[PDB]
Trainee: 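Okay, here's the structure, questions in a sec.
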Amino acid sequence: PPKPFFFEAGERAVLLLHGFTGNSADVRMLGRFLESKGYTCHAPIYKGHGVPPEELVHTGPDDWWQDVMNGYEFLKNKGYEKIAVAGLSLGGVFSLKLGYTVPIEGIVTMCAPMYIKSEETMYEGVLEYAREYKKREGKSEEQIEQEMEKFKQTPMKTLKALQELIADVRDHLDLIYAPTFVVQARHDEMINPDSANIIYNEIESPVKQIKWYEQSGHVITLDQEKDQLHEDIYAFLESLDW
């Protein structure tokens with residue numbers, strides 16, 4: 001079972017936020033890299049994540065946002081005065097939201113969506129995540145088929161609220177002034193990659209960058225360009241005033 005992590009290293013702190021159906025392991029290699037460069041990092045786990053998929057469908061963005069805000073306060077309460085945030089997929093949407101809610105030193109958004117899909121299609125992605133989870137538990141083909149039949153007997157009501165969240169943060173991009181680095185996979189199989197241009201062009205931040213990765217998929221932290229990604233994020237964070 002994944003756990004949140006807290007990697008102590010230096011005075012600069014980074015909150016690391018995972019994606020929908022993800023967990024802290026999606027940002028753990030980035031956390032260890034930043035820790036080796038002097039950055040303290042903390043990654044929460046959202047409610048219903050890092051646990052059986054059956055639990056995910058009774059949670060929604062109102063819950064996950066509380067984990068995000070508690071993760072920010074965690075850092076504050078441990079003595080960190082300045083905090084940057086980096087987020088993957090839905091985590092990048094929450095990074096932006098935190099950026100117009102509380103004091104933030106810098107924002108890194110990685111493959112954050114600014115367009116949505118149908119609720120059916122989003123539930124299809126939850127079903128596929130549940131299948132992979134159960135495959136990974138080492139369940140039999142027959143056992144997985146029985147459990148998935150039953151999983152289907154329960155709607156995930158909060159998918160509309162997740163659509164509303166993305167739309168809402170998009171509409172508030174003009175409130176963002178913190179230095180921001182927009183990261184996007186050119187060929188992203190899960191979201192519209194033009195999302196990155198929406199973020200870059202609509203924030204008000206005088207210090208902004210965007211970088212495209214040509215050989216990566218959506219979960220960019222775990223893909224083949226992660227080492228260059230690490231160095232690019234480090235370079236961005238070292239450029240801030242702190």
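Only heavy atoms go into these numbers, but all of them, side chains included; no hydrogens, no water, no symmetry mates. The chain is numbered in sequence order, starting from 1.
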Trainee: Measure the acute angle between the ring planes of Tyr46 and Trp64, then classify it against the limits of 30° and 60° as parallel, tilted or perpendicular.
Mentor: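 It falls in the parallel class, under 30°.
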
Trainee: Would you please classify the geometry between the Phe33 ring and the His230 ring as parallel, tilted or perpendicular, with 30° and 60° separating the classes?
Mentor: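 Ring orientation, 0 to 90° scale: parallel.
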
Trainee: Are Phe94 and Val85 grouped together when hydrophobic residues (ILVMFWY) are joined by side-chain heavy atoms under 4.5 angstrom apart?
Mentor: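 Yes; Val85 is reachable from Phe94 via cluster members.
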
Trainee: Does this structure show an ion pair linking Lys47 with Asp67, if we count only N-O contacts that are shorter than 4.0 Å?
Mentor: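 Looking at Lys47 and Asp67, the cut-off is not met.
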
Trainee: Calculate, to the nearest 0.5 Å, the distance between atoms CD and CH2 belonging to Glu81 and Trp242 respectively.
Mentor: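 Nearest 0.5 Å value for the CD-CH2 distance: 12.0 Å.
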
Trainee: Going by an N to O cut-off under 4.0 Å, is there a salt bridge joining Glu147 and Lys150?
Mentor: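 Looking at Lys150 together with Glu147, the answer is no, because their closest N to O distance does not fall below 4.0 Å.
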
Trainee: Within 45 degrees of the axis of the six-membered ring of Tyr213 and under 6.0 Å from its centre: does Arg186 put its NZ or CZ there?
Mentor: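 The answer is no; the distance or angle limit is not met.
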
Trainee: Has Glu8 got more than 12 heavy atoms of other residues, nucleotides or ligands less than 6.0 Å from its CD?
Mentor: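 12 or below, so no.
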
Trainee: Before accepting this row, confirm whether a basic side-chain N of the pair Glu132/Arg136 lies closer than 4.0 Å to the acidic partner's carboxylate O.
Mentor: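 Yes, this pair counts.
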
Trainee: Should the pair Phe236 and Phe181 be assigned to parallel (<30°), tilted (30 to 60°) or perpendicular (>60°) ring geometry?
Mentor: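 The rings of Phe236 and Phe181 sit tilted, inter-plane angle from 30° to 60°.
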
Trainee: Same hydrophobic cluster for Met110 and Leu34, using side-chain heavy-atom links shorter than 4.5 Å among ILVMFWY?
Mentor: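 Result: yes, single cluster for both.
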
Trainee: Decide whether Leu90 and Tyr133 are clustered together by the hydrophobic rule: side chain heavy atoms of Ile, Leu, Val, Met, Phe, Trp, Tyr closer than 4.5 Å, transitively.
Mentor: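 Yes.
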
Trainee: With a 4.0 Å cut-off, would you call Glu145 and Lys139 a salt bridge?
Mentor: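 Salt bridge: no.
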
Trainee: Are the charged groups of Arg12 and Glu238 less than 4.0 angstrom apart, N to O?
Mentor: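 Looking at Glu238 together with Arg12, the answer is yes, because their closest N to O distance falls below 4.0 Å.
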
Trainee: Please say whether the positively charged group of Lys97, taken as NZ for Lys or CZ for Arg, lies over the ring of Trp65, i.e. under 6.0 angstrom from the six-membered ring centre and within 45 degrees of the axis.
Mentor: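 So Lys97 does make the cation-pi contact.
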
Trainee: Given salt bridge (charged side-chain N to carboxylate O under 4.0 Å, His left out), test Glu225 with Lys211 step by step and report yes or no.
Mentor: CA-CA 12 Å; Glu225 300 185 281; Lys211 185 162 175 193; over 6 Å; no

Trainee: Under the 6.0 Å and 45° cation-pi test, does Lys78 pair with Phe74?
Mentor: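 Geometry flag: set, cation within 6.0 Å and 45°.
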
